[PDB]
Amino acid sequence: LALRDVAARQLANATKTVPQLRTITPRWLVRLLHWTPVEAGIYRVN
Amino acid sequence: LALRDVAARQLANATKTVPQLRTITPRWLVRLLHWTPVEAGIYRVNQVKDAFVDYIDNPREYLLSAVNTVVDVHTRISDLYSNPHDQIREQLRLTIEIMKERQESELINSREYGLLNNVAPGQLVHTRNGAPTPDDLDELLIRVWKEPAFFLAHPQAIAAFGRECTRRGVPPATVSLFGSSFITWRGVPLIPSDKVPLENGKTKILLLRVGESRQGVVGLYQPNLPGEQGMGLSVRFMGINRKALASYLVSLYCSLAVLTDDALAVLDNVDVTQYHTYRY
Amino acid sequence: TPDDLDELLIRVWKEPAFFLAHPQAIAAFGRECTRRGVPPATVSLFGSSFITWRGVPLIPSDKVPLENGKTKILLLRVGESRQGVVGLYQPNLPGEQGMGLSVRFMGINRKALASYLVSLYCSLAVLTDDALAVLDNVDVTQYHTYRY
Amino acid sequence: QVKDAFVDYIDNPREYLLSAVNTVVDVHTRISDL
Amino acid sequence: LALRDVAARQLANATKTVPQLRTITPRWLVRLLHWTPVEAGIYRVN
Amino acid sequence: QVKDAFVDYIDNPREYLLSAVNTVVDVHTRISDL
Amino acid sequence: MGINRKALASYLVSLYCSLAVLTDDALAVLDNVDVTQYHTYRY
């Protein structure tokens, strides 16, 4: 009988990932539009 | 009468090839996956709960599994017959080829990890008629609409899909990858693999998104190994026994994680034995 | 028909290189494709155009036998590293006018005829048995009647 | 070849012997000279 | 069970000797004689 | 070998296979250490 | 020598030799020598 796997695993680091969110979408529309800046929050289209 | 051909051939060298193994496959899936290293054999995948932002308190942990093979070579066989081909080198080469074929089969078919067992409910599609028509692959592309990478199917399933396309007017497009040609549907290629199960017809088709940054499927290996003949692979000398047998240990450490449940979909109950009768 | 070439591509699924057929067999395959809605894709090799199916080209060769129709179609994987089909030649020859080819002077006879010997050494090895498949019993004499 | 593909080899592998084909080309010396 | 000797021997070169002729003798007499050259095939002993 | 010594060779020459002999030498580690 | 219609290449090997006894007392021959006699040693 030798050292076990769980007992040996008590001395090991796990690789932890950042939390995964399944509702993330590629959001293509935001990538496809052209964005113009509005200096003070008002945009008049003549 | 002059010198014969057989008598003259007694003085000639033959060109000997290394042994040929017919079970070697291109193993596309291992080439297509992304592999992330796991420092100490444990990989925890944390998740947002019910996606304030909360995390689940019991995330799944993936433990890398070990597979071993002992390669025994008599010392007289390697001592005497190692010119021009090394005997131990070829023995270990063929062993590692067989082991990597088994590794691909387990990446597809294992019961702990393995794509065909870790597919979420709602990501499983069924065929409408049995043959893999284009509508079924469009269903699959609905499930993995985000950024699909490839289809995985038996070569006979790919031939069945081609026959269905030819019954319609559609010639599917073709692309070249790794110097080889593959069939594509809506831009996502169909990859062959004889490791996808096939029993009396009735195979399956998979659609994968791969990559850690896209929250897709990733392979897991052990980065630093004694021996270290490759990615997650080690060869070590075991010793010599009383009968002059030298033994070598070949170890392969691997696993597979599906990071989010919409990264993989499976089309089930695919029939590959249907042929159309063309009558005009 | 395209289903037969898909069967061939099943047998040599690993890394097929090309189809080999008589030019009349290629024309018959084209007629079958045209009966379906499929126009097969075309590629350019060695400055010449060839018909392809699923990315594997159809190569013409009048040396493939043809007897009252009834030809054959082959699918090959070539290469030593891929365990495919390889040709074999004799590298160093006296004369040596080419790959496995030699020309040598034989002499002059009493009638003032000078003779030359041309020798060609060759062979062929299929390294693994799944590197080559043959579609048998191919008929090239069938034409469709289009009625609308 | 690997047998029945431990790893064993077949003891009677196929050997390919290169074949020779010949052709004698005769040219009159007056035809080449003139 | 492991690799056989004949199967492993299929990958080995044999050392081939040049053919051996048993009728070769040391031919001492030719070694012991003195040889004089004859310019045009005729030798007159006066 | 030359056959019946034109010059012909025998088509079944003798081949000599080197033989291996082995001996296992066991030494206690305390005997060599001390 | 050349090559024939059956692709046989031929080579000619020629050896020119002779032997002269310059004076007649340079050579002597012992004739009728028997090599099949063995002595029986009895003491």
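Here Swiss-Prot sets the residue numbers for chain B, with the shown residues being 8-58, 77-305 in order.
The way this entry was determined, per its header, is electron microscopy, 2.9 Å.
Cβ atoms here come from the backbone N, Cα and C positions, even for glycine.
For reference, Swiss-Prot has these:
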SITE      B:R192  site '5-fold pore central residue'
SITE      B:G194  site '5-fold pore central residue'
SITE      B:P196  site '5-fold pore central residue'
SITE      B:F262  site 'May bind cargo'
SITE      B:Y273  site 'May bind cargo'
SITE      B:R304  site '5-fold pore central residue'
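A map of Swiss-Prot features onto the structure.
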residue : record                             : DSSP (3 states)
B:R192  : site '5-fold pore central residue' : helix
B:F262  : site 'May bind cargo'              : strand
B:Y273  : site 'May bind cargo'              : strand
B:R304  : site '5-fold pore central residue' : coil
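Fewest Cβ neighbours within 10 Å among the recorded sites B:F262, B:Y273: that distinction goes to B:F262. For B:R304 (site '5-fold pore central residue'), the nearest of the recorded sites B:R192, B:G194, B:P196, B:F262, B:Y273 in terms of C-alpha separation is B:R192. Using a 10 Å Cβ-Cβ cutoff, B:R304 (site '5-fold pore central residue') registers 4 neighbours. The separation of B:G194 (site '5-fold pore central residue') from B:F262 (site 'May bind cargo'), Cα to Cα, is 59 Å. Distance between Cα atoms for B:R192 (site '5-fold pore central residue') and B:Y273 (site 'May bind cargo'): 54 Å, as a whole number.
Counted over every protein chain shown, other Cβ atoms within 10 Å are most numerous around B:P196 among the recorded sites B:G194, B:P196. Packing around B:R192 (site '5-fold pore central residue') is summarised by its Cβ count: 17 other Cβ atoms lie within 10 angstroms of its Cβ, all protein chains included. Straight-line distance linking the Cα atoms of B:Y273 (site 'May bind cargo') and B:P196 (site '5-fold pore central residue'), rounded to a whole number, equals 51 Å. The subset of recorded sites B:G194, B:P196, B:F262, B:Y273, B:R304 lying near chain C, with Cβ atoms under 8 Å apart, consists of B:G194, B:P196.
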